[PDB]
Amino acid sequence: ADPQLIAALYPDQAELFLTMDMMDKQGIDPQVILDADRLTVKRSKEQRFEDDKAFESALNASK
Amino acid sequence: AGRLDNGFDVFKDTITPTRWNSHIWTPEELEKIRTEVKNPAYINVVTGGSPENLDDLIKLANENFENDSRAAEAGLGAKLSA
């Protein structure tokens with residue numbers, strides 16, 4: 001009904017809102033998210049640190 | 001039930017003197033700190049931990065200086081720069 005007020009008051013679980021809105025509004029199966037979120041490697045620090053530079057440059061350099 | 005306590009030492013309940021802080025440096029340990037620490041500012045920060053001893057604080061204040069210049073820089077600068 002309001003995908004905004006619900007989004008705001010709870011910034012902590014934006015992950016759940018994203019996944020649910022993937023699940024229902026868009027057409028993807030609630031099975032193909034399950035593996036990819038179960039299959040993930042632990043970012044172990046190293047992976048995470050690199051993706052994070054990566055986002056940082058990319059978002060900043062997109063115009 | 002409350003029963004007013006009437007005592008408070010801002011130094012036992014807030015800042016508690018920790019082991020590493022409040023240690024005057026032994027005249028020999030300065031020689032180790034000057035050679036095996038890249039920047040001495042991180043000898044203070046203690047997330048632990050972390051005794052004993054200075055042979056561990058060196059390993060921590062070096063690894064934290066490595067963890068800093070790898071990412072802290074990118075994240076903060078980028079986020080506030082623009």
# chains A, B, ... in the order shown; residues from 1 in each chain; ligands from 1
$ select_by_dssp --residues "chain A" --states "helix (DSSP H, G or I)" --output "PyMOL selection string"
chain A and resi 5-9+14-24+32-38+46-60
$ write_last_selection --atoms "N, CA, C and O atoms" --output "short mmCIF file (atom, residue, chain, number, x, y, z; two decimals), in the first residue's frame"
data_model
loop_
_atom_site.label_atom_id
_atom_site.label_comp_id
_atom_site.auth_asym_id
_atom_site.auth_seq_id
_atom_site.Cartn_x
_atom_site.Cartn_y
_atom_site.Cartn_z
N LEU A 5 6.67 4.82 3.28
CA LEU A 5 6.65 5.15 4.69
C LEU A 5 7.23 3.93 5.36
O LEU A 5 8.02 4.05 6.29
N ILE A 6 6.85 2.74 4.89
CA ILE A 6 7.36 1.50 5.44
C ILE A 6 8.85 1.43 5.19
O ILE A 6 9.61 0.96 6.02
N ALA A 7 9.27 1.89 4.04
CA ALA A 7 10.68 1.90 3.77
C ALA A 7 11.45 2.77 4.71
O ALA A 7 12.53 2.39 5.15
N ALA A 8 10.92 3.92 5.04
CA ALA A 8 11.70 4.85 5.84
C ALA A 8 11.89 4.53 7.30
O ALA A 8 13.02 4.46 7.77
N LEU A 9 10.81 4.35 8.02
CA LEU A 9 10.87 4.17 9.47
C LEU A 9 11.79 3.02 9.86
O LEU A 9 12.27 2.97 11.00
N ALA A 14 16.31 -2.76 4.90
CA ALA A 14 16.02 -2.43 3.51
C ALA A 14 16.29 -3.62 2.62
O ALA A 14 15.73 -3.74 1.53
N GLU A 15 17.16 -4.52 3.08
CA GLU A 15 17.45 -5.76 2.38
C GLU A 15 16.18 -6.58 2.17
O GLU A 15 15.93 -7.09 1.07
N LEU A 16 15.38 -6.74 3.23
CA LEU A 16 14.14 -7.50 3.11
C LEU A 16 13.17 -6.82 2.16
O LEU A 16 12.49 -7.50 1.38
N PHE A 17 13.06 -5.50 2.23
CA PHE A 17 12.15 -4.81 1.32
C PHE A 17 12.58 -4.99 -0.13
O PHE A 17 11.74 -5.26 -1.00
N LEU A 18 13.87 -4.87 -0.39
CA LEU A 18 14.38 -5.13 -1.73
C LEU A 18 14.04 -6.54 -2.20
O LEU A 18 13.56 -6.73 -3.32
N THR A 19 14.31 -7.54 -1.36
CA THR A 19 14.06 -8.91 -1.78
C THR A 19 12.57 -9.17 -1.99
O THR A 19 12.20 -9.83 -2.96
N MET A 20 11.72 -8.65 -1.11
CA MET A 20 10.30 -8.85 -1.28
C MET A 20 9.79 -8.18 -2.54
O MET A 20 9.01 -8.76 -3.30
N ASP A 21 10.24 -6.95 -2.80
CA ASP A 21 9.81 -6.24 -4.00
C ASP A 21 10.36 -6.89 -5.25
O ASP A 21 9.77 -6.75 -6.33
N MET A 22 11.51 -7.56 -5.15
CA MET A 22 11.96 -8.43 -6.23
C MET A 22 11.01 -9.61 -6.38
O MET A 22 10.73 -10.05 -7.49
N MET A 23 10.52 -10.11 -5.25
CA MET A 23 9.77 -11.35 -5.25
C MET A 23 8.39 -11.18 -5.86
O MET A 23 7.90 -12.08 -6.55
N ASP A 24 7.74 -10.04 -5.62
CA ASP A 24 6.34 -9.89 -6.00
C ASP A 24 6.14 -8.96 -7.18
O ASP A 24 5.50 -9.35 -8.17
N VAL A 32 15.17 -18.49 -7.13
CA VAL A 32 16.45 -18.14 -7.73
C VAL A 32 17.17 -17.11 -6.88
O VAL A 32 18.38 -16.90 -7.03
N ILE A 33 16.46 -16.45 -5.97
CA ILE A 33 17.12 -15.63 -4.97
C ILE A 33 17.65 -16.52 -3.84
O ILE A 33 18.67 -16.21 -3.21
N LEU A 34 16.94 -17.61 -3.57
CA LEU A 34 17.26 -18.43 -2.41
C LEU A 34 18.67 -19.00 -2.51
O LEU A 34 19.46 -18.89 -1.57
N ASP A 35 19.01 -19.61 -3.65
CA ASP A 35 20.34 -20.17 -3.78
C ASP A 35 21.38 -19.07 -3.68
O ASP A 35 22.31 -19.15 -2.87
N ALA A 36 21.24 -18.04 -4.51
CA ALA A 36 22.26 -17.00 -4.60
C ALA A 36 22.48 -16.32 -3.27
O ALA A 36 23.56 -15.77 -3.02
N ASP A 37 21.47 -16.32 -2.40
CA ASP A 37 21.68 -15.77 -1.06
C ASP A 37 22.15 -16.85 -0.10
O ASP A 37 22.61 -16.55 1.01
N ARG A 38 22.02 -18.12 -0.49
CA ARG A 38 22.54 -19.21 0.32
C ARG A 38 23.92 -19.62 -0.14
O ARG A 38 24.71 -20.19 0.63
N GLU A 46 38.23 -9.45 2.76
CA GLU A 46 38.88 -9.05 1.51
C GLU A 46 37.90 -8.77 0.36
O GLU A 46 37.93 -7.71 -0.31
N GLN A 47 36.95 -9.69 0.19
CA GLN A 47 36.03 -9.53 -0.91
C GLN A 47 35.27 -8.28 -0.65
O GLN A 47 35.10 -7.45 -1.53
N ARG A 48 34.84 -8.13 0.59
CA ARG A 48 33.96 -7.04 0.89
C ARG A 48 34.68 -5.74 0.63
O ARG A 48 34.14 -4.85 -0.02
N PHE A 49 35.93 -5.65 1.06
CA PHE A 49 36.60 -4.39 0.97
C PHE A 49 36.68 -4.05 -0.48
O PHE A 49 36.34 -2.92 -0.82
N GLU A 50 37.05 -5.01 -1.33
CA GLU A 50 37.07 -4.63 -2.75
C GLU A 50 35.79 -4.27 -3.47
O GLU A 50 35.76 -3.29 -4.20
N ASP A 51 34.71 -4.97 -3.17
CA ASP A 51 33.45 -4.62 -3.80
C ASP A 51 33.16 -3.19 -3.39
O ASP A 51 32.68 -2.37 -4.16
N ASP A 52 33.44 -2.92 -2.13
CA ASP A 52 33.15 -1.61 -1.61
C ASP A 52 33.97 -0.47 -2.18
O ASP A 52 33.46 0.60 -2.38
N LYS A 53 35.20 -0.68 -2.53
CA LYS A 53 35.77 0.39 -3.26
C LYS A 53 34.90 0.42 -4.48
O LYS A 53 34.43 1.47 -4.86
N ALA A 54 34.60 -0.73 -5.06
CA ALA A 54 34.09 -0.77 -6.43
C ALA A 54 32.82 -0.01 -6.55
O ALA A 54 32.65 0.81 -7.44
N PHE A 55 31.94 -0.17 -5.59
CA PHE A 55 30.69 0.55 -5.61
C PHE A 55 31.09 1.99 -5.55
O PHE A 55 30.67 2.75 -6.38
N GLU A 56 32.04 2.32 -4.71
CA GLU A 56 32.30 3.71 -4.45
C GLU A 56 32.75 4.47 -5.61
O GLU A 56 32.40 5.62 -5.74
N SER A 57 33.60 3.88 -6.42
CA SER A 57 33.99 4.55 -7.63
C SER A 57 32.82 4.63 -8.58
O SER A 57 32.51 5.70 -9.12
N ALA A 58 32.16 3.51 -8.75
CA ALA A 58 31.18 3.39 -9.81
C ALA A 58 30.01 4.31 -9.62
O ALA A 58 29.62 4.99 -10.54
N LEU A 59 29.49 4.38 -8.42
CA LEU A 59 28.37 5.24 -8.17
C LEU A 59 28.85 6.63 -8.43
O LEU A 59 28.19 7.37 -9.08
N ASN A 60 30.02 6.97 -7.93
CA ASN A 60 30.52 8.34 -8.08
C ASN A 60 30.83 8.72 -9.50
O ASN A 60 30.53 9.83 -9.93
#
$ interface_residues --of "chain B" --to "chain A" --cutoff "10 Å" --atoms "only C-alpha atoms" --output "tab-separated table (two decimals) with C-alpha atoms, in the first residue's frame"
chain	number	residue	atom	x	y	z
B	67	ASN	CA	43.56	-1.70	7.56
B	70	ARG	CA	43.45	0.46	2.57
B	71	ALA	CA	39.87	1.38	3.18
B	72	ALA	CA	39.18	3.94	5.65
B	74	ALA	CA	38.51	5.36	0.30
B	75	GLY	CA	35.32	5.19	2.14
B	78	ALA	CA	34.63	9.40	-1.28
B	79	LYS	CA	31.55	9.66	0.74
B	82	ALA	CA	31.25	14.99	-3.21
$ closest_residue --among "B:73, B:3, B:35, B:18" --to "residue B:51" --atoms "only C-alpha atoms"
B:18
$ atom_distance --atom1 "atom CA of residue B:49" --atom2 "atom CA of residue A:42"
25.2 Å
$ closest_residue --among "B:24, B:76, B:61, B:15" --to "residue B:37" --atoms "only C-alpha atoms"
B:61
$ residues_around --residues "residue B:23" --least-positions-apart "6" --cutoff "12 Å" --atoms "only C-alpha atoms" --output "VMD selection string"
chain B and resid 17 29 to 30 43 to 44 53 to 54
$ write_last_selection --atoms "N, CA, C and O atoms" --output "compact mmCIF listing (two decimals), in the first residue's frame"
# COMPACT_ATOMS: atom_id res chain seq x y z
N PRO B 17 40.79 3.76 34.07
CA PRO B 17 42.12 3.71 33.48
C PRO B 17 42.52 2.31 33.01
O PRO B 17 42.69 1.43 33.84
N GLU B 29 61.37 0.53 26.09
CA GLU B 29 60.24 0.22 25.23
C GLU B 29 60.03 1.29 24.17
O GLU B 29 59.47 1.02 23.10
N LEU B 30 60.47 2.51 24.45
CA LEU B 30 60.41 3.59 23.47
C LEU B 30 61.22 3.22 22.25
O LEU B 30 60.82 3.51 21.11
N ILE B 43 48.92 3.49 18.80
CA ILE B 43 49.26 2.75 20.02
C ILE B 43 48.16 2.93 21.06
O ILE B 43 47.99 2.08 21.94
N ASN B 44 47.41 4.02 20.96
CA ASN B 44 46.36 4.29 21.93
C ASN B 44 45.16 3.38 21.74
O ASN B 44 44.68 2.77 22.71
N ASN B 53 51.77 -8.41 25.40
CA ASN B 53 52.24 -7.12 25.89
C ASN B 53 52.53 -6.25 24.68
O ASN B 53 51.99 -6.50 23.61
N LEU B 54 53.35 -5.22 24.88
CA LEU B 54 53.72 -4.34 23.77
C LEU B 54 54.10 -5.11 22.51
O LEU B 54 53.89 -4.60 21.40
$ closest_residue --among "B:69, B:14, B:81, B:21" --to "residue B:57" --atoms "only C-alpha atoms"
B:21
$ residues_around --residues "residue B:55" --least-positions-apart "3" --cutoff "10 Å" --atoms "only C-alpha atoms" --output "MDAnalysis selection string"
chainID B and resid 29 32:33 36 51:52 58:60
